[PDB]
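Take a look at this one chain, the form deposited in one PDB entry, written out in structure tokens.
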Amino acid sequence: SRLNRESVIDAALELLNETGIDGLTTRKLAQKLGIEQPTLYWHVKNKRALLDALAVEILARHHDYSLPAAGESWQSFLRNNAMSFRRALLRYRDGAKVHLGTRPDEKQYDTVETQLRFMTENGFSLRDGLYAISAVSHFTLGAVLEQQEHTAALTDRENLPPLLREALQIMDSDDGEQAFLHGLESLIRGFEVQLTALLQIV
């Protein structure tokens, strides 16, 4: 097959979706691509390189709300950005796992700079703006992680107390979206309390 950047990543995304993060071995990638391993090594040195590139491409493909609308409130931007990030992370098997620990790629610099600048323009110190964005990112990654990994575990592997029993029905009543959106509102409002408080005790 074609071994340009785009096609290697396509194939790796396919292989990820088919077999998860453990299936992504340079060995199985060579098979999908129809090549020998030294051929693949010329293009792709190791799993880390591959994963870093997949993380960027997952957002290029499916992260459709990466910048604020004109005059958009910071609350609304974080909300829309979070839902977009969640969507993108859920579109491939183990995609959140792929994203973990990545730092912004050079291709993403202008976008992440604008996000950070936008927060400071709305009254946050750089630090407080970053802690908000971070918290949103972290909560969204955890929520997605937990969902994706739960589904995996249900393909592999009775005296419940009553509240737990009900709580289990509730979590499993949708894909996680209800709990995620409730949490996201809580988070955004907590940032707001913090921001508006200025130097007052809060």
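Residue indices: 1-based, along the sequence shown. The term rigid core refers to the most C-alpha atoms you can superpose between the two forms while keeping them within 1.5 Å.
Although not depicted, the form deposited in another entry is the subject of the following passage.
Once both forms are fitted on their core, the CA shift for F77 between the shown form and the other one remains under 2 Å. Relative to the superposed rigid core, the position of the CA of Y92 differs between the shown form and the other one by less than 2 Å. When the rigid core is held fixed, the Cα atom of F191 travels 2 angstroms or more between the shown form and the other one.
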